[PDB]
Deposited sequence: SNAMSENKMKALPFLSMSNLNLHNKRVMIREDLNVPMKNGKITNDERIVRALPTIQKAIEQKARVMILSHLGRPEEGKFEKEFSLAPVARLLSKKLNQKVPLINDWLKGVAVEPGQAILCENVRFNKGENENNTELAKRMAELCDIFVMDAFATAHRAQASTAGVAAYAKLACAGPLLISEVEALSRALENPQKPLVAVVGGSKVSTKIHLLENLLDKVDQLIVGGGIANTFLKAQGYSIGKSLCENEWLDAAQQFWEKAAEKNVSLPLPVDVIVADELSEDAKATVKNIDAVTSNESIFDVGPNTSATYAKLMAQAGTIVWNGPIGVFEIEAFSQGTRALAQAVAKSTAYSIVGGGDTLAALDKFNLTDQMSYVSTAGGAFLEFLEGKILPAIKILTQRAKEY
């Protein structure tokens, strides 16, 4: 699709690597460095080929033009060396072959967020080659993610954006069939565009949570005070029909666990969808349902899963989402998961390293599966 850092010669060149070093911080110190640990090899391969390395990154959300130490990449710069912070980097920097410097937070610059042309051209001035190695940022057009690549002598993607693209697109443009997609969450309305793209691709599709509750109500079931989006019932109904004529299996919950208050404390009751009374709510799938899911995972050649299928955070309402998680683990399909809350689940059940690929990207992960990304567009345009 586009050019890669592996296929380009970096000997003695000025190389500008955009990374996601946007780490959490507490009163001046780093609390989680997984992003640095992930970004390291890209920086090691550049140095090993004796590039003159300029490391580019964002941190928090500062006021453009207003320097504050709170959003300084200083602690990162110390933590990188252990594995200099350059401040006035736009006017130029000498960098010897084989060493690496970290430019100060790119979001300080007047014009980053608008993808200002002038700013971008100036960034492109400062380097021979630009390496977009920041998939978690690729879904927005900003001078440091999009503009710079538009006007840089030579532009390409780094190996991380490569791993992430390989995994996502592996399971979306020639999946080992059957492909199954599990999609859960609070709202149809935040995941409808994802459902649309996957519909043209999957063999089975499974909705969970709010989403499933909306679909069950579009079908005419009663679900009491369960979370649902009434305003998307027509959308859900029409999507159900589209699935039917494409022959995409779309099994809804046949049994659920309900309670009349959401807490570790109240009566959890396993029920047929028939039997949901007027002031109960659905918080999880039942055994019959999560056995149907368990079958499709076991038979799957590929799996894509975004969103827990019950209120897994409370313990009575977690059996459904664990069951599912375990099925994807034991399963032999190439599994791909993503989402803030889904990772949280995979962490709670300590099943994270059993999925073939875990995305930590959040929004860019989601927009890609929707079939929509500015960073990627330009990297190919330049490969051409």
Report summary line: In deposited-sequence numbering, the unmodelled segments run 1 to 12, 96 to 100, 390, 403 to 404
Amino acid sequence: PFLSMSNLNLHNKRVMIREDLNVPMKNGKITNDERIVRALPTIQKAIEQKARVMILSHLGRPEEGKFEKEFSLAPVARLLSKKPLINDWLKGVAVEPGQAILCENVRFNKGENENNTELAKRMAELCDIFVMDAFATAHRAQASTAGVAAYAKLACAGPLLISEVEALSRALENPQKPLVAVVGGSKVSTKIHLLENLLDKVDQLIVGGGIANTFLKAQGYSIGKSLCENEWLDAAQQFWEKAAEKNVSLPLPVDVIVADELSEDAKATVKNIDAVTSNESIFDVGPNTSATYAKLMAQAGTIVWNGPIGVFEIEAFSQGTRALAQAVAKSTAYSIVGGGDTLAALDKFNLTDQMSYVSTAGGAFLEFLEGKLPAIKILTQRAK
From here on, numbers count along this sequence of modelled residues.
Requested in this report: Read off the CA B-factors in the entry, average them over 212 to 220 and over 168 to 176, and name the higher stretch.
Outcome: 168 to 176
Query raised in the report: So 64 to 72 or 31 to 39, which one's hotter by mean CA B-factor in the entry?
Result: 31 to 39
Query - Per the PDB entry, maximal CA B factor within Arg140, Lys271, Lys187, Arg78 - result: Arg78
Query raised in the report: Looking at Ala46, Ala344, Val328, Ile336, which has the highest Cα B-factor in the entry?
Result: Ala46
Query raised in the report: Among the modelled residues of its chain, does the C-alpha B-factor of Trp240 lie in the lowest, middle or highest third?
Result: lowest
Query - Chain-relative CA temperature factor third for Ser318 - result: middle
Report summary line: By the entry's values, the third containing the CA B factor of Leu324 is the lowest
Query raised in the report: Looking at the C-alpha B-factor of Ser57, is it in the lowest, middle or highest third of its chain?
Result: lowest
Requested in this report: Could you say whether, by C-alpha temperature factor, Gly307 belongs to the lowest, middle or highest third of its chain?
Outcome: lowest
